[PDB]
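To start, the structure under review is shown below, and the notes come after it.
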């Protein structure tokens, strides 16, 4: 149908907007602390602590499969990266501090992305 195609064009445009957002969020992690999943070979107990692991490469695979229906689902995944880190790592660690900074700096980007998604529909 012609509707399904129109739908697919907007999903594709959302994917386009979210791709740009993801690149901007990832630029706020220059140390690449959140770039890849936490290694289960190197942290074998991780899943006893964190039930829903997330990282920027995993978000990217979902993104490119157009697996994000809306910005809310995307934000959920971003928030997991942050919140998982702030639970597993103590406050005085480079990792915890890196998450706080990504959260703070990320807020500006997500703020504008919400306006852009509402605005363009």
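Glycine also receives a Cβ, built like all others from the backbone with ideal geometry; neighbour counts cover every protein chain displayed. Every number here is computed from the coordinates shown, using simple stated rules; none is lab data.
Within segment 68-79, can one find any residue that is more than 15 Å from residue 21 (Cβ to Cβ) and either surrounded by 13 or more Cβ atoms within 10 Å (Cβ to Cβ) or touching a strand residue (DSSP E or B) at 6+ places or on another chain (Cβ under 8 Å) (or both)?
No: zero hits.
What about residue 23, is it touching a helix residue (DSSP H, G or I) at 6+ places or on another chain (Cβ under 9 Å), in a helix (DSSP H, G or I) and under 27 Å from residue 116 (Cβ atoms)?
In short, no.
Which condition does residue 92 not pass, out of (1) in a helix (DSSP H, G or I); (2) loosely packed, with under 15 Cβ neighbours inside 10 Å, if it passes all the others?
(1)
Against the condition under 19 Å from residue 112 (Cα atoms) and in contact with a helix residue (DSSP H, G or I) (Cβ under 9 Å, 6 or more places away or on another chain), how does residue 78 come out, does it pass?
yes
Would you tally the residues in segment 38-69 being more than 12 Å from the chain's Cα centre (by Cα) and either over 30 Å from residue 119 (Cβ atoms) or not in a loop (DSSP other than H, G, I, E, B) (or both)?
Result for segment 38-69: 16.
Output yes when any residue across segment 96-108 is in contact with a helix residue (DSSP H, G or I) (Cβ under 6 Å, 6 or more places away or on another chain), surrounded by 11 or more Cβ atoms within 10 Å (Cβ to Cβ) and within 30 Å of residue 8 (Cβ to Cβ), and no when none is.
Checked segment 96-108: at least one residue is in contact with a helix residue (DSSP H, G or I) (Cβ under 6 Å, 6 or more places away or on another chain), surrounded by 11 or more Cβ atoms within 10 Å (Cβ to Cβ) and within 30 Å of residue 8 (Cβ to Cβ).
Quick check on my filter: what residues within segment 70-89 are without any contact (Cβ under 8 Å) to a residue 24 or more places away in the chain and either more than 16 Å from residue 26 (Cβ to Cβ) or assigned to a loop (DSSP other than H, G, I, E, B) (or both)?
72, 73, 76, 83, 86, 89
Are there any pairs with C-beta distances below 7 angstrom linking a residue in segment 1-16 that is in contact (Cβ under 8 Å) with a residue 60 or more places away in the chain to a residue that is surrounded by 11 or more Cβ atoms within 10 Å (Cβ to Cβ) and in a helix (DSSP H, G or I), with the two at least 6 apart or on different chains, and if so which?
Once the first residue is in contact (Cβ under 8 Å) with a residue 60 or more places away in the chain and sits in segment 1-16, no partner that is surrounded by 11 or more Cβ atoms within 10 Å (Cβ to Cβ) and in a helix (DSSP H, G or I) comes close enough.
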